[PDB]
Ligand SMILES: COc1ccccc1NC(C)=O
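Next up: a single chain in structure tokens, the form deposited without the named molecule.
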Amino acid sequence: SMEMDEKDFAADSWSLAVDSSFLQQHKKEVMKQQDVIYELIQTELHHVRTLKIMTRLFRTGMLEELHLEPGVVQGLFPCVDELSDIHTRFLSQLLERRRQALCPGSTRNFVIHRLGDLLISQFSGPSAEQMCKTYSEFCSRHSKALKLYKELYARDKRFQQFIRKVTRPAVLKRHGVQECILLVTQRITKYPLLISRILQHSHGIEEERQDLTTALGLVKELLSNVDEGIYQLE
């Protein structure tokens, strides 16, 4: 990930991330709403980061160093380029919404008064149809992908070595091949929990409460549709 964005979301909360003097000029409800918006962008930044580890570090590496069939790496990391493009674009919109909010003359101080609209466009229309179709494909191939990794690690020493080599950096402690596949599967269920907590502290404007309510309904609808179209493969 880019040094600029890691530094921007390095703090454990929005109240810690902004300047202490800037925070002093805000209501508790604004700080509480902001912290959950900050967490949404933070965890979405970590999500795209996870997806880049799968495509550049694991998938690209297996094609380059291991000289392995493109069908096996496809069965190991299914739809990861599509998932990386869907979520990177979403992260870019969340990151630019934060940049517009920035006070003139500062890079840390911001307040996001509108989020709901952004969430609605992501969870409605062809962006949502792309997500339903891709996550239904990923969660079906998830079980086959976990069996495919184990058979390769406990059969071929070249792969056994590649895995140990690329997962040696301290940062990839919780991001091995298997943990990435689960982190991605678990990501979609985190949105209704995140949007629900933002909505809890967003009644100061009515159109924002109605935007976040419609986005919340859309994520739950997306999830219910993905769940229905899941068939486990072997």
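Heads up, when I say rigid core I mean the largest set of C-alphas that superpose within 1.5 Å between the two forms. Residues carry their position along the shown sequence, with the first being 1.
Novice: Between 49-57 and 65-73, pick out the one whose C-alpha positions differ more from the shown form in 9 other deposited structures of this protein, using the rigid core for superposition.
Specialist: More C-alpha displacement in 9 other deposited structures of this protein shows up in 65-73.
Novice: If you average the Cα B factors in the entry, which is higher, 45-53 or 24-32?
Specialist: Comparing 24-32 with 45-53, the higher mean C-alpha B-factor belongs to 24-32.
Novice: Test of understanding: from the entry's C-alpha B-factors, which stretch has the higher mean, 153-161 or 98-106?
Specialist: Going by the record's values, the stretch with the higher mean is 153-161.
Novice: Reading the B-factor column of the entry, which of 195, 180, 68, 188 has the highest value at its C-alpha atom?
Specialist: Max CA B-factor in the entry, restricted to 195, 180, 68, 188: 68.
Novice: Pull the Cα B-factor of residue 137 out of the PDB entry and bin it into the chain's lowest, middle or highest third.
Specialist: According to the entry, residue 137 has a C-alpha B-factor in the chain's lowest third.
Novice: Pull the Cα B-factor of residue 92 out of the PDB entry and bin it into the chain's lowest, middle or highest third.
Specialist: Its C-alpha B-factor, which the entry lists for residue 92, ranks in the lowest third among residues of this chain.
Novice: Please say which third, lowest, middle or highest, residue 76 falls into when its CA temperature factor is compared across its chain.
Specialist: Middle third.
This protein has a second form, the form deposited with the named molecule bound, left out of what is shown; the following refers to that one.
Novice: When the contact criterion is heavy atoms within 4.5 Å, does residue 103 count as touching the named molecule in the deposited bound form?
Specialist: Contact with the named molecule, yes.
Novice: Using 4.5 Å between non-hydrogen atoms, is residue 109 touching the named molecule in the deposited bound form?
Specialist: Judged by the heavy-atom cut-off of 4.5 Å, residue 109 is in contact with the named molecule in the deposited bound form.
Novice: What residues, if any, in 8-45 have a non-hydrogen atom within 4.5 angstroms of the named molecule in the deposited bound form?
Specialist: If the 4.5 Å heavy-atom criterion is applied to the named molecule in the deposited bound form, 8-45 yields 19, 21, 22, 25.
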